[PDB]
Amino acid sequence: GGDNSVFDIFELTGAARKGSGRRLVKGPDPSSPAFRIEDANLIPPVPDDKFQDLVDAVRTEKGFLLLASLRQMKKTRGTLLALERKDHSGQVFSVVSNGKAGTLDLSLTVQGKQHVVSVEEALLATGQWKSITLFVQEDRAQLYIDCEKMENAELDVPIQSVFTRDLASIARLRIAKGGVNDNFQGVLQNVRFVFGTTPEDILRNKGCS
């Protein structure tokens, strides 16, 4: 894309610098840190200014590409990221690797109503490294798992419905944290939003990292 088109969430949080809530370990990418989650509550939020730039990119594109590498404990339901209200009253968006259901769940809360959909046949919690590419556009979600599998789902509302002009003033982006007892268990690496590019381009670059 153009200006501010790649957002690496762990870099933005400063998690690599701050010794709290994780252990730095190896991952598929030999050139970047990987994060074994210990206490997700202690991993800093994305700063407000950075988050508002992300929000504006999503609202502009009417969607996003989200890349992540994960090594998740079997049969666990683990939040990849969530947008949490600063008043502690709940989340407005999350992406959960649901190892209890074998799905990737996408939740949006708009106008007081929670809407959740499962991308089915997306068993990501295997105790082994997996790479995903999630492409959300309008009310459509398409998930590519490693370089072998595509699974799709339809959202009840367009993705941009949640991503408002002043969202950063009322909510924060948290990594690996969400729900009740749904913090991520395992390791994450290279959790990145990418704009102005297609899954086709990512997968040929072998973003099946």
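Numbers follow the displayed sequence, beginning with 1. We call the rigid core the largest set of C-alpha positions that still match within 1.5 Å between the two forms.
- Here 12-20 and 181-189 are scored by the root mean square distance of their C-alpha atoms in 5 other deposited structures of this protein, with each structure fitted by the rigid core; the higher score goes to 12-20.
- Farther from the shown form on average, by C-alpha root mean square after a core fit in 5 other deposited structures of this protein, is 84-92, of the stretches 84-92 and 131-139.
- Per the PDB record, of the two stretches 88-96 and 133-141, 88-96 carries the greater mean B-factor over its C-alpha atoms.
- Stretches 57-65 and 162-170 differ in mean C-alpha B factor, with the higher average recorded for 162-170.
- Taking the deposited Cα B-factors for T79, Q111, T103, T76, the highest one is held by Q111.
- Sort the modelled residues of the chain by CA B factor and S20 lands in the highest third.
- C147: CA B factor lies in the highest third for its chain, per the PDB record.
- Annotation for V119: CA B-factor lies in the lowest third of the chain's modelled residues.
- Sort the modelled residues of the chain by CA B factor and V180 lands in the highest third.
- Sorting the modelled residues of the chain by their CA temperature factor places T13 in the middle third.
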